[PDB]
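Shown next: entry.cif, given as mmCIF, C-alpha atoms and all ligand atoms.
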data_start
#
loop_
_atom_site.label_atom_id
_atom_site.label_comp_id
_atom_site.auth_asym_id
_atom_site.auth_seq_id
_atom_site.Cartn_x
_atom_site.Cartn_y
_atom_site.Cartn_z
CA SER A 42 5.65 -21.53 7.83
CA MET A 43 7.17 -19.36 10.59
CA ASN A 44 7.63 -15.60 10.55
CA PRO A 45 11.20 -14.54 9.89
CA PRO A 46 13.05 -12.82 12.73
CA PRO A 47 12.42 -9.05 12.69
CA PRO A 48 14.95 -6.73 11.07
CA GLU A 49 18.02 -5.83 13.13
CA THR A 50 17.44 -2.63 15.13
CA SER A 51 20.73 -2.21 16.98
CA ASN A 52 24.40 -2.91 16.26
CA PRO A 53 27.25 -1.89 18.59
CA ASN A 54 29.84 -2.50 15.83
CA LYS A 55 28.71 0.57 13.82
CA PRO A 56 29.74 4.16 14.66
CA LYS A 57 26.89 6.49 15.58
CA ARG A 58 26.01 10.15 15.23
CA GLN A 59 23.22 12.62 15.74
CA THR A 60 22.41 14.89 12.77
CA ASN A 61 19.81 17.56 11.96
CA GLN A 62 18.27 15.31 9.31
CA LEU A 63 18.21 12.18 11.51
CA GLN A 64 16.58 14.15 14.36
CA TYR A 65 13.94 15.44 11.92
CA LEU A 66 13.26 11.91 10.63
CA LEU A 67 12.31 10.82 14.15
CA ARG A 68 10.77 14.00 15.61
CA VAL A 69 8.79 15.02 12.53
CA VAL A 70 8.61 12.25 9.93
CA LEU A 71 8.21 9.10 12.04
CA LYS A 72 6.15 10.74 14.80
CA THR A 73 3.77 12.41 12.31
CA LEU A 74 3.19 9.21 10.28
CA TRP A 75 2.71 7.21 13.49
CA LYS A 76 -0.36 9.34 14.38
CA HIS A 77 -2.06 8.86 11.02
CA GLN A 78 -5.49 7.17 10.99
CA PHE A 79 -4.04 4.44 8.76
CA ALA A 80 -0.65 3.94 10.53
CA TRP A 81 -1.61 0.82 12.50
CA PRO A 82 -0.91 -1.86 9.82
CA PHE A 83 2.60 -0.44 9.42
CA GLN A 84 3.59 -0.05 13.10
CA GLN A 85 5.16 -3.52 13.40
CA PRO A 86 6.42 -6.32 11.15
CA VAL A 87 3.77 -8.13 9.12
CA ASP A 88 2.66 -11.13 11.23
CA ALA A 89 2.16 -13.55 8.36
CA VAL A 90 1.48 -16.42 10.78
CA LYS A 91 -1.52 -14.75 12.48
CA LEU A 92 -2.74 -13.30 9.17
CA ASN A 93 -2.40 -16.81 7.63
CA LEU A 94 -0.38 -15.42 4.72
CA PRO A 95 2.44 -17.94 4.39
CA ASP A 96 3.37 -16.58 0.94
CA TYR A 97 4.07 -13.09 2.32
CA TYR A 98 7.73 -13.82 3.11
CA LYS A 99 8.02 -16.01 0.03
CA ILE A 100 7.33 -12.81 -1.98
CA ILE A 101 8.79 -10.12 0.32
CA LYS A 102 12.53 -10.56 0.96
CA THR A 103 13.25 -7.08 2.39
CA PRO A 104 10.56 -6.58 5.05
CA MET A 105 10.38 -3.19 6.74
CA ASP A 106 7.90 -1.39 8.99
CA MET A 107 7.66 1.80 11.06
CA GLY A 108 8.14 -0.04 14.38
CA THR A 109 11.53 -1.19 13.12
CA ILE A 110 12.35 2.27 11.70
CA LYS A 111 11.40 3.90 15.01
CA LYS A 112 13.72 1.56 16.94
CA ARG A 113 16.51 2.12 14.40
CA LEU A 114 16.22 5.90 14.80
CA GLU A 115 16.12 5.60 18.63
CA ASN A 116 19.17 3.32 18.51
CA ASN A 117 21.17 5.53 16.07
CA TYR A 118 21.26 2.63 13.57
CA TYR A 119 21.51 4.98 10.58
CA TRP A 120 24.55 7.16 9.83
CA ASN A 121 22.97 8.79 6.77
CA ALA A 122 19.44 10.13 6.44
CA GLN A 123 18.98 8.32 3.09
CA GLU A 124 19.36 4.91 4.78
CA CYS A 125 16.23 5.71 6.80
CA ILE A 126 14.41 7.21 3.80
CA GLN A 127 15.22 3.98 1.92
CA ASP A 128 13.55 1.95 4.70
CA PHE A 129 10.33 4.00 4.41
CA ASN A 130 10.44 3.58 0.61
CA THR A 131 10.91 -0.20 1.04
CA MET A 132 7.95 -0.44 3.44
CA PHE A 133 5.62 1.20 0.90
CA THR A 134 6.97 -0.78 -2.08
CA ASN A 135 6.52 -4.06 -0.16
CA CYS A 136 2.86 -3.26 0.34
CA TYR A 137 2.36 -2.35 -3.33
CA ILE A 138 4.17 -5.49 -4.59
CA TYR A 139 2.36 -7.97 -2.36
CA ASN A 140 -1.20 -6.65 -2.36
CA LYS A 141 -3.85 -6.15 -5.04
CA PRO A 142 -4.32 -2.51 -6.14
CA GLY A 143 -7.96 -2.43 -4.92
CA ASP A 144 -7.11 -3.56 -1.37
CA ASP A 145 -7.65 -1.17 1.55
CA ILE A 146 -4.08 -1.76 2.71
CA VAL A 147 -2.80 -0.18 -0.51
CA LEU A 148 -5.10 2.83 -0.04
CA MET A 149 -3.71 3.11 3.47
CA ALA A 150 -0.08 2.80 2.34
CA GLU A 151 -0.67 5.43 -0.35
CA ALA A 152 -2.18 7.86 2.18
CA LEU A 153 0.87 7.41 4.43
CA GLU A 154 3.26 7.77 1.49
CA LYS A 155 1.61 11.09 0.54
CA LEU A 156 2.28 12.40 4.06
CA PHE A 157 5.78 10.94 4.03
CA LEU A 158 6.68 12.76 0.80
CA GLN A 159 5.29 16.05 2.16
CA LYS A 160 7.59 15.69 5.18
CA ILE A 161 10.78 14.61 3.33
CA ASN A 162 10.40 17.47 0.84
CA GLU A 163 11.03 19.70 3.90
CA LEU A 164 14.14 17.84 5.16
CA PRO A 165 16.48 20.33 6.95
CA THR A 166 20.04 21.14 5.85
CA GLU A 167 23.06 18.80 6.13
CA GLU A 168 26.08 19.52 8.36
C1 LIG B 1 -1.08 -5.59 9.20
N1 LIG B 1 -0.40 -5.20 7.98
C2 LIG B 1 -0.45 -5.87 6.82
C3 LIG B 1 -1.19 -7.08 6.67
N2 LIG B 1 -1.25 -7.78 5.59
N3 LIG B 1 -0.55 -7.36 4.51
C4 LIG B 1 -0.68 -8.20 3.33
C5 LIG B 1 0.23 -6.23 4.46
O1 LIG B 1 0.82 -5.91 3.43
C6 LIG B 1 0.25 -5.48 5.69
CL1 LIG B 1 1.20 -4.05 5.72
#

So that I can check it, write out the structure of this file as structure tokens.
Amino acid sequence: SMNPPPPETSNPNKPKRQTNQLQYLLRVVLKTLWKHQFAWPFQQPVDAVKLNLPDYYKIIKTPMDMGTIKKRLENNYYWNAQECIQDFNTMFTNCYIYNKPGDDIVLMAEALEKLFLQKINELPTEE
């Protein structure tokens, strides 16, 4: 079984804007998570072929990862901050759905989610 194509990261047919919250999601949220000791498994799409996990994309129909989110933010793919927050939420939920609770990857995802929630609880004000 092949990997699926990665999620779309640009689209010239959508209007674009810079906002306080979107800037914060890249400059603070993404950048801070990216530096975490346990960020590496979440920095790019899950390579189910190399991991020999052909059931990964049988189970996970909405893949998401921080590499994709980073590109989306850089490419102004999101109009609303919540679209980006939803992508982070999806990334964590995918990990929890697919993996066994005792797996290191879940411990890692949970550590990142803790940091994520700390950062989004300090989201700046909307225009
Ligand atoms: C490299 N990241 C991985 C690898 N395997 N699985 C099952 C995952 O959920 C993740 Cl995030």

| Residue neighbourhood residue 147 in chain A, 10 Å, all atoms listed in the file, exclusion window fewer than 3 positions, as a ChimeraX atom specification | /A:133-134,136-144,150-153

| query | Got a sec to check which residues lie within 12 Å of ligand LIG 1 (chain B), using all atoms listed in the file, and send them as a ChimeraX atom specification? | reply | /A:79-98,100-101,104-108,131-142,144-151,153

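Distance check against residue 121 in chain A using all atoms listed in the file: of A:42, A:54, A:168, A:49, the minimum falls on A:168.
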
| Suppose you want the space between CA of residue 157 in chain A and CA of residue 126 in chain A; what is it in Å? |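 So the answer is 9.4 Å.
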
| request: List every protein, DNA or RNA residue that has an atom no more than 10 Å from (20.3, 16.5, 11.6) in the file's coordinate frame, counting only C-alpha atoms, and report them as a PyMOL selection string. | output: chain A and resi 58-66+121-122+164-168

Expected axis-aligned box over every listed atom of range 44-60 of chain A, 4 Å added per side, centre plus edges in Å to one decimal, as lines of an AutoDock Vina configuration file:
center_x = 18.7
center_y = -0.4
center_z = 14.2
size_x = 30.2
size_y = 38.5
size_z = 16.7

| remark: As a check of understanding: the span from CA of residue 51 in chain A to CA of residue 113 in chain A is 6.6 Å

| request: Go through A:71, A:161, A:56, A:50 and flag the residue nearest residue 120 in chain A, using only C-alpha atoms for the distances. | output: A:56

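With all atoms listed in the file as the basis for measurement, A:99 is the residue among A:155, A:160, A:99, A:111 that approaches residue 44 in chain A most closely.
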
| request: With a distance cut-off of 12 Å and only C-alpha atoms, select the neighbouring residues of residue 52 in chain A, excluding the residue or stretch itself and same-chain residues fewer than 5 positions from it, and output the selection as number ranges by chain. | output: A: 57, 112-113, 116-120

| What is the CA of residue 109 in chain A to CA of residue 74 in chain A distance in Å? | 13.6 Å

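Comparing A:103, A:159, A:123, A:130 by their smallest distance to residue 73 in chain A, the closest is A:159 (using only C-alpha atoms).
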